[PDB]
């Protein structure tokens, strides 16, 4: 019984850790992807600016 | 016996998974920071350009 | 006619340029340096988390190894 | 009170209160019913998404424009678009605001009469007035003469005006516009392997056309250069990945404007219908029209068109006249800015078609003195 | 298939009652490998994978590389002779049949359900496979709730508890008027 209680508690703690880590990963992923899209957009508008310079 | 075997086994899987998750988290965060720093270097390139544009 | 072209053109010919330059300067100042500093801070915290994870993993592997 | 300067257009509805610089709400004019079945219950699924809402759910809709070439082909959808524009994008009830619609030249009468009948019966406005889309674009430039080429998305028309006196016998209306360029681009993209068929993917091809295409200064030299080097191939990322590379399709899509034989149309390009429109005018106002050629409308926003057109007209015109092409940076909203200016005038305040006048003469009042 | 590959070590289960024992073995021991060839190489050199299990009468058995070979059939249906592609590629094919503008949302909201998706380590193998197949820009996310087994029934309870749904039932008088073929009609 003692071993069972300790094991179950350790398991539950680790499980909740797992869930929270997943949520953190998701949020950081969303922010990083938004930054990535921002970077692609800035580079593309930069190139458009370069081509505008080429025009004039 | 069945219960505690199950619990310890799934807990070990949890520990290995969560450690893999932590490696994933660190790699993602560091890559995010590197990309963000590249972006800020680009922003300061643009800010030097804006200081030139202070010509207007 | 053709006398409002001055009052609708010359205005933004300077005010718009100056205001957009101001906006770019303030946005760059607010954004880039703070983002790089915050990313460095988060990196340091991440390294500390890595050290804590290594210590805990090693001590648990030491005890549990049977 | 303030007047509502609506501008139906064909492709983008632009509206806003009179007296401002830019339209308050600009959104595509598409009404798309859902086409699949739908299994989630209580999701709150409507029967028709209009305006900018149907450009976000376009994956499961069948978008269909209610205005084909200037004329309106589906009156129920157009009524829905107007209702949306008044109530949700401006949030002003029409019972307390005059309206100033715009209409292309040489359009069928029944279209205009039905438009005024709707505005007076359904929305019940106090007074509405219909104006030709080119005179407004001439207002916005601050001129009083000049020949304006208003190449919209539905129809391209070329109205010459001198000293405020329009020349009704010299209006050259051509039905090539942005939509035909979108279809031709969608048709020549198939030469590399990319097939766009669905009415939703027409929007993607339109975005490609807007962001990448440009008008070549000299067509043959560009065709020769794009066939040897690879400095032109610009890539573009679809809404799901799988980037595509556009080669000499870049300047071949908008070249259709100057050679309408590409899409099988017989008529001459926009570079030669302007010269023909000038030559129909009297011999003493041709210099002023040459010097004050005005561009407007969305489709004239291609990078490098104000030079190609000037080169072509200079080739056609006599060598002594000076050819100047006015291309303001606010080209897209030029018609609406002109509409705002016209609605803000005090001299114009008595030209509205008051409701009691409509009650006495019926919808045919629009063709009468109140034009 | 597990009952068929267990015979390679000497354990023969034939009776329809022993299929239940093989099912219990599959539930308690099998797991989906993240990379198949590396696991096949590791299990053939070391012995860190061999997990033992006690039959309903004693005589413990030791499962070697049968652990991750049984559920691998999902991603390579050629093992049991089926022609079709695995569950990692029929999802991508099902996405590609959809319209071009809703593929990003489907990529980001891939949902797993049903009992058989409870193998330890499947939500990572499937994500790796789809990320290999899909374009590099899209984000691939696999929703694997812990209550996977009863997901269908929980959803059924939610649907039956809705007020908007209360008039969609096939009332008995309607069946009496149109016969059993009423189900294909508007009341789906």
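Letters A, B, C, D and E name the chains as they come in the text, with residue numbers starting at 1 for each one.
Definition applied: contacts are C-beta pairs under 8 Å (C-beta built on N, C-alpha and C of every residue); 3 or more make two chains touch, one makes a residue touch a chain.
*Asks:* In terms of CA centroid distance, which chain is the most far removed from chain D?
*Replies:* E
*Asks:* Count the C-beta contact pairs for B-C and for D-E, then tell me which is higher.
*Replies:* B-C
*Asks:* Could you please state the distance in Å, as a whole number, between where the Cα atoms of chain C are centred and where those of chain E are centred?
*Replies:* Chain centres of chain C and chain E, defined by C-alpha means, are spaced 43 Å apart.
*Asks:* Rounded to a whole Å, what is the gap between the Cα centroids of chain C and chain D?
*Replies:* The mean C-alpha positions of chain C and chain D differ by 41 Å.
*Asks:* Would you kindly tell me how far, in whole Å, the mean C-alpha position of chain B lies from that of chain A?
*Replies:* 7
*Asks:* State, to the nearest whole Å, the distance from the C-alpha centre of chain B to the C-alpha centre of chain E.
*Replies:* Chain B and chain E have C-alpha centres separated by 31 Å.
*Asks:* Multi-chain contacts in chain D: which residues touch at least two other chains?
*Replies:* 237
*Asks:* Which residues of chain B are in contact with two or more other chains?
*Replies:* Residues 10, 15, 22, 25, 29, 32, 36, 39 of chain B each touch two or more of the other chains.
*Asks:* Considering chain C alone, which of its residues make contact with at least two other chains?
*Replies:* Touching at least two other chains: none.
*Asks:* Can you check the complex and tell me which residues of chain D touch chain C?
*Replies:* My answer: residues 142-144.
*Asks:* Which residues of chain C touch chain D in the complex?
*Replies:* Touching chain D from chain C are residues 1-2, 4-5.
*Asks:* Give the list of chain B residues in touch with chain C in this complex.
*Replies:* On the chain B side, the touching residues are 15, 19, 22, 25-26, 29-30, 32-33, 36-37, 39-41, 43-44, 46-47, 50, 53-54, 56.
*Asks:* Over in the complex, which chain A residues touch chain B? Could you list them?
*Replies:* 3-4, 7-8, 10-11, 14-15, 17-18, 21-22, 24-25, 28-29, 31-32, 35-36, 38-39, 42
*Asks:* Using the touch definition up top, name the residues of chain C that touch chain B in the complex.
*Replies:* 17-18, 21, 24-25, 28-29, 31-33, 35-36, 39-40, 42-43, 46, 49-50, 53, 57, 60
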